[PDB]
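Heads up, the thing below is written out as structure tokens.
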Amino acid sequence: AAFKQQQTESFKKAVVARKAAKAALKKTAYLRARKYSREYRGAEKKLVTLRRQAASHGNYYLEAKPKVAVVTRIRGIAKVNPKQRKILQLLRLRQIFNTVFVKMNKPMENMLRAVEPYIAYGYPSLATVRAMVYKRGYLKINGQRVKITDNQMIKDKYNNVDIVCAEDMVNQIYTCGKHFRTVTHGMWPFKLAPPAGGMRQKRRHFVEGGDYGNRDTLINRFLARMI
Amino acid sequence: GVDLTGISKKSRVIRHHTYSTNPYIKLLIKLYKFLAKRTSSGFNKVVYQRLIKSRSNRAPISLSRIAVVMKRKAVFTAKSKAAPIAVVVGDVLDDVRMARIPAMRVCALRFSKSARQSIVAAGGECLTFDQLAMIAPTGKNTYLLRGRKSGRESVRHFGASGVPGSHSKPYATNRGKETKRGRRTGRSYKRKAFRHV
Amino acid sequence: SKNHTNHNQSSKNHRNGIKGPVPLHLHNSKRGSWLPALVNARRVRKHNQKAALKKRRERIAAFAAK
Amino acid sequence: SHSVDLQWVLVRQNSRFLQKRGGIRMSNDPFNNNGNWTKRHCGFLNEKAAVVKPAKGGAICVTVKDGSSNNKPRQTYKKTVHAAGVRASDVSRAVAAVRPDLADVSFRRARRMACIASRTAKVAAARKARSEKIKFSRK
Amino acid sequence: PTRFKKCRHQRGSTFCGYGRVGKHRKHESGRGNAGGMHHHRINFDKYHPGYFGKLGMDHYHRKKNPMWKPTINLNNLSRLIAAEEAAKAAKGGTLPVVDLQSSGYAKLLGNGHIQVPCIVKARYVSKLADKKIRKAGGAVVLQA
Amino acid sequence: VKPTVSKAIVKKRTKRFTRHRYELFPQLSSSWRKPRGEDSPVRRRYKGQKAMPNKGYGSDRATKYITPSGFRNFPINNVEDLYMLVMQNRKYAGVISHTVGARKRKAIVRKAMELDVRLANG
Amino acid sequence: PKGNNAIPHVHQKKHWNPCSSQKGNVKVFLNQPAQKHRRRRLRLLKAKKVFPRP
RNA sequence: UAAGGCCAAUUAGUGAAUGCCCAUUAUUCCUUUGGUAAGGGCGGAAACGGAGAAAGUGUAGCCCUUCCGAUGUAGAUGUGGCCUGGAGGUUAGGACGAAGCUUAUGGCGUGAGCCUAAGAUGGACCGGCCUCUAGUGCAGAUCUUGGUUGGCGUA
RNA sequence: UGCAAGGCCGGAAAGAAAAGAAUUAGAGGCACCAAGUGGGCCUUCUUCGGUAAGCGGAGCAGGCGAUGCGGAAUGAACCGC
RNA sequence: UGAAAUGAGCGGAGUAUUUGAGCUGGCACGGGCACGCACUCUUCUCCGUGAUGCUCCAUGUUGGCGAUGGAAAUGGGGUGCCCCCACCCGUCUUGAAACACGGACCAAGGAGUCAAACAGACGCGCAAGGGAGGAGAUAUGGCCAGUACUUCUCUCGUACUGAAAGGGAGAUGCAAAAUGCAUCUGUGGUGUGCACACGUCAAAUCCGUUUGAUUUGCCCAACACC
Ligand SMILES: [K+]
Ligand SMILES: [Mg+2]
Ligand SMILES: [Mg+2]
Ligand SMILES: [Mg+2]
Ligand SMILES: [Mg+2]
Ligand SMILES: [Mg+2]
Ligand SMILES: [Mg+2]
Ligand SMILES: [Mg+2]
Ligand SMILES: [Mg+2]
Ligand SMILES: [Mg+2]
Ligand SMILES: [Mg+2]
Ligand SMILES: [Mg+2]
Ligand SMILES: [Mg+2]
Ligand SMILES: [Mg+2]
Ligand SMILES: [Mg+2]
Ligand SMILES: [Mg+2]
Ligand SMILES: [Mg+2]
Ligand code: NA
Ligand code: NA
């Protein structure tokens, strides 16, 4: 009976340790969320003031070029050339209405230009990033696709003091921080539903009244109907 | 659908269970599956993996080879430690080319009668895996060994003997028959003995 | 009756992929090289093997001492 | 020398006690409390074993093999004949004195035997009541 | 046993694994080793080099008994000495005597390191074997 | 005796899979055969043809082999077999073999009534 | 297709198999135990006949 | 005063992202099956709602939880996958009715098939399980042999 | 005491910064045994012969053959899947 | 339908906490600050139930029908009908519903077999050795054409190479002999390389240990160069 007694004794301490760890993680997540919200608001206000100062003297303010793009696949798997097939596989878009986040730098842009008839992409907003993470976000755990349900599994997956909560993931993705690749590589590709209300024309570019190609900031209205 | 072109080419062919009909082999597999699952040692995992292989993939070892490798390990040992236990998942055979050996402890699946006699007469000890699991349940202070596979006639026959650079033996029952055109310069041509890469 | 085409051949060749070349450091035989340099290198290698044997004996003796 | 593990490996797939009918595997073994064909419940080949049986007049018997006469078939099994008024907890205690891993099934079996004895009494009364009819042959 | 063959698995498959287009016909390549120089040339040359041609002198009435000549090496001599004499053997003393032609050997070859010194009686011996055994402390005696 | 209750039985399909075109030739049995003809519309899966069996029609494992009364059938041939079911009598019901005669059926029925073992055809 | 096999020489090109048109040329040993028994029986009888000569 | 041809909308200069309909596609839920699958439990806690609890390739899967794939001619392979005649073992049945035969006789199984019921059928043999063995599974070959049949009460 | 080659003893190592400064449903290599196939055809963009052809011959890719399902009233190969 | 309800939602405790908006006191931003970086209105806050439960199944409210019958109900089976869907099977062929061949119905029969040589994969015995065959001997004189026993031979292998006469394979040290000499507990060397041993690093942990990475030693199997 001593084996049973010792096992029970250790189980009690394990329970109390789990509760204490949960309580600590909650406070850390709270503080980080507050910090990020204040940072975003301050950034927007500073940009507004810079634009006003330029306009008052009649100059112009150049916006920073976008750093993040959101890309979704809009065609099925049929009659695809080997080069396009390879690029779509490397972007992890193997099924219609799969979506990912990528860095918007020179190698990525030249890869994206080669598969334009197959994709729709643009520049996401903070609300879009939050919605995708909170509602459609899954992690690669042990090889499996596991839905996000608490901050503890995020912390266990990433094992990094800079990624412990969903708001940390959101911040890294949205601002293209130092751990952009770590966070995005750690997730399963997003699997979305068809856009409610329909599309316009799969076979034409967005500029010609169709759907494929770069539609800039207007990708957010598109994705709000798919998430 | 999902584009998964050629994903079946990543699957690997591995053995999960034994084809053997030996009940004692089954008992050993049961014990070492338990140990490999419930212990952290790498020794138990390797031993469990080797117990499931086929007969041809568990080649027998020689007593003289065991002695040589044990000596090479021993010359750099602090002389205050005991020598490791030699462990072979397979058969141990005797060697008439080596008369004098030291005293060793050897664990194996099967011993030759002459090999058992030699080990005991040198002052050593023969062991079964069921005693080894009691003595060293994690595999501490062991020397895991394998027998030799190259040197088999079947391996020496593999491949075409008529292409340049090859030295495989042909399948032929009459040794004097295939010794002519294709093997001598004075005949039409001779298969080249060497080829780069 | 005598047809020729290359239509499906690249597709066949890419199923098990085009394998990359063997690395430079493997299968690096010298047979067929310029003879005098080869003959000198052989003598150097023989001396090196003798030195390796002596070094092992010295290490064994040192360990036995301490 | 020859252990229970080896014997189970030898007999698992083919035995006179294994009844495999219509896809289902049961056991004929008279030293089996469950009727399941598993190693734990095979009383004929375990070194120690115990089984719960009925007796005449609503009594419960426990038969025990204790592991000292396993080479003598006529002394292997001994009895613990007990009166009708025997608690199921007592039968379970007696069985667990030999094998701790059979206590629960022995408890349930003792209770089931008691219920069977009651039911047999009732149905026998009903049948002997109904039999008030003329018959043409006896014995 | 017939119940393990592939025909049992093929009952119901009309073609039995030989195809619809090219069928299972009688002898589509010729019989036996036909065509070894014409339409099976590649197989013959790639897997059996040397098959066609002539080589060497003839020898009309070969008898193998006068050519009988088995060999045994120096490092295998302990196969012929019983275990009681082998341990007693020592250089400079009394040595076991091995008769090769009674154990089925004619020549003694000199491969390896001898383990138990002895006196060997043989019909033939190689020069290195003779030198090695003399250095180890035995001897060779010629016999017939 | 009452059987132990389970989830509700579903039965993905209730029709049988019958051989193609067996209704037109009296010598063809209805038992299923796989069509292997090159132009067969059943094999090619046209919209209005008969279906073929496959792994997707399989039954729920928690309710496989359970009869409408809630028991699983076990075949029995004599009185002594009834003792195998006395402990698991909420799970299995006995089915008396067809060739058992009336003389022995009487004894089997009497004993099963005494022991409270359900008989499917008693 | 032939692969890498030994070149066969099985020598079975005469009418050795008995069938509807050929008598065949075959020898089986199905009487071997009976002939063994018969030889031993004859030896014992002969010994009894020539007793006591060896 | 299009139900035509070019252009443009979404309930209309009111004041704010999607008029409507239809897939073996997408998202999601339930069940099956297979994995290069991923975790956990299996010294009967004690007492006395119910039962069970096997160290395990494969089953009526040892038991739970989780994730991903599933079409296919020629062709390969697997299957405690199905069926037929005979042999070695083991366990049963039968004149209170064996084999064979009949069916708006249901039940079980994805299926090959298995089992029960009734015969107002029959009259003497035969079922399950583990091994062994083969002259071992039919819709078609201008297939073989026997028997029927529309044309026809016609020419 | 230079050069060539093979080794031994030491050092350094943003393990590859910043400048748009990669990505991966990214485990590398090595064998053995064996089947079917060796009549193709259609389309996109290049084209050679031919007055032209639902004609003959080629290059690159995708298809049908081996495949249904949802559309173009109907159609092996078009559109979607 | 509460047989472990984890809840901002079920419970206990108080009335405050801290989110924004207005308005407040070094550096940044522009040629003053629209209010970036650091130190009055507006909302509810803190605390709690481990599994001595490994698995499965058993728990509300109100009516209708069913009180032992030629009952009620659910499922299965049969036949007709309605709306929708739907080209004739096997075969050769790039292409068959084809104006391409075979096709009246039923029963029973009907097609990868046996032998011999070689090879690979898998099971079993023994191992530098393995194994006969033919035959004999005695239990043995329907059982008994089986089973039990056997020498000394034969065969495959432990050694290859040359057309042939023929010849015939260890290591280290000294040394240079066209048969040198001495020792014999031993990988011929180098690179890559399981497990084990010796230390280090990172992550988690009633927190004593795991899960990975890595230095050094010896490196088994194996591959590459000598
Ligand atoms: K069914
Ligand atoms: Mg549209
Ligand atoms: Mg297009
Ligand atoms: Mg097929
Ligand atoms: Mg062919
Ligand atoms: Mg052809
Ligand atoms: Mg000549
Ligand atoms: Mg080939
Ligand atoms: Mg004739
Ligand atoms: Mg599964
Ligand atoms: Mg399939
Ligand atoms: Mg037949
Ligand atoms: Mg028929
Ligand atoms: Mg074809
Ligand atoms: Mg298609
Ligand atoms: Mg057709
Ligand atoms: Mg050889
Ligand atoms: Na060798
Ligand atoms: Na037969």
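Between helix E:127-136 and chain E, what is the angle of the helix's C-alpha long axis to the longest principal axis, kept within 0 to 90° and rounded to the nearest 10? Taking the Cα atoms of chain E, the angle to E:127-136 is about 50 degrees.
Using the Cβ-Cβ distance between residue A:4 and residue B:41 with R0 set to 30 Å, the FRET efficiency from 1/(1 + (r/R0)^6) comes to roughly 0.65. For segment A:143-204, trypsin sites (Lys or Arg not before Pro) are listed when DSSP marks them as loop and at most 15 other Cβ atoms sit within 10 Å of their Cβ; the list is A:178, A:200, A:202, A:203, A:204.
Relative contact order of chain D: 15 percent, from C-alpha pairs under 8 Å at least 6 residues apart in sequence.
Compared with the dominant principal axis of the Cα atoms in chain G, helix G:32-50 is inclined by about 20°. Given R₀ = 25 Å, FRET efficiency for residue D:21-residue D:45 by Cβ-Cβ distance, to 0.05? Taking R0 as 25 Å, the efficiency between residue D:21 and residue D:45 is 0.70.
Taking GluC sites (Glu not before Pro) across segment F:27-122, the ones in a DSSP loop with at most 13 further Cβ atoms lying within 10 angstrom of their Cβ are F:38.
In chain C, the longest principal axis of the Cα atoms and the axis of helix C:35-65 are about 50 degrees apart.
Give me the percent relative contact order of chain E, please, defined on Cα pairs under 8 angstrom at least 6 residues apart.
17
Exposure proxy ranking for F:32, G:16, C:34, based on other Cβ atoms within 10 angstrom of each Cβ and starting from the fewest, stands as C:34, G:16, F:32. Per-residue shielding of E:75-86, expressed as the average number of other chain Cβ atoms within 10 Å of the residue Cβ, stands at 1. Note on residue B:27 and residue A:52: with the Förster distance fixed at 60 Å, the Cβ-Cβ geometry gives a FRET efficiency of about 0.10.
Say a paramagnetic label sat at a point 7 Å from the Cα of residue E:91, along Cα to Cβ; which residues of segment B:99-126 have their backbone N under 12 Å from it? Correct set: none at all. Just tell me the longest site-free run in chain E, where the sites are chymotrypsin sites (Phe, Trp or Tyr not before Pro) in a DSSP loop having at most 14 other beta-carbon atoms within 10 Å. With chymotrypsin sites (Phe, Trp or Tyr not before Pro) excluded where exposed in loops, chain E gives E:69-144 as its longest stretch. Neighbour counting of Cβ atoms within 10 Å sorts the residues B:134, A:169, D:26, fewest neighbours leading, into B:134, D:26, A:169. Reducing segment B:146-197 and segment F:78-109 to their Cα centroids gives an inter-centroid distance of 73 Å. Comparing Cα centroids, segment B:109-135 and chain G end up 49 angstrom apart.
Within the protein assembly as shown, all pairs of alpha-carbon atoms sorted by distance into 10 Å bins from zero give the percentages 1, 5, 8, 11, 14, 16, 16, 13, 9, 4, 2, 1, 0, 0, 0. Comparing Cα centroids, segment D:58-120 and segment A:64-85 end up 74 angstrom apart. Shown here for segment A:52-135: trypsin sites (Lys or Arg not before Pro) in loop regions (DSSP other than H, G, I, E, B) with at most 12 other Cβ atoms within 10 Å, namely A:79.
Per residue of peptide B:158-165, the mean number of Cβ atoms on other chains within 10 Å of the residue Cβ is 4. Compute the projected area of the convex hull of the Cα atoms of segment E:37-109, averaged over all viewing directions, and report it in nm² to one decimal place. Average projection, Cα convex hull of segment E:37-109: 9.9 nm².
Mean sequence separation of contacting Cα pairs (under 8 Å, at least six apart), scaled by the length of chain A, corresponds to a relative contact order of 22 percent.
Ordering A:126, F:85 by the number of other Cβ atoms within 10 Å of each residue's own Cβ, fewest first, gives A:126, F:85. Equivalent ellipsoid of segment E:1-142: semi-axes from √(5λ) of the C-alpha gyration tensor, largest first, are 59, 25, 14 Å.
Laboratory data are not the source of any read-out in this text; all were calculated from the coordinates shown. When we count neighbours, we look across all protein chains shown, and the Cβ atoms used for this are built from the backbone with ideal geometry, even at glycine.
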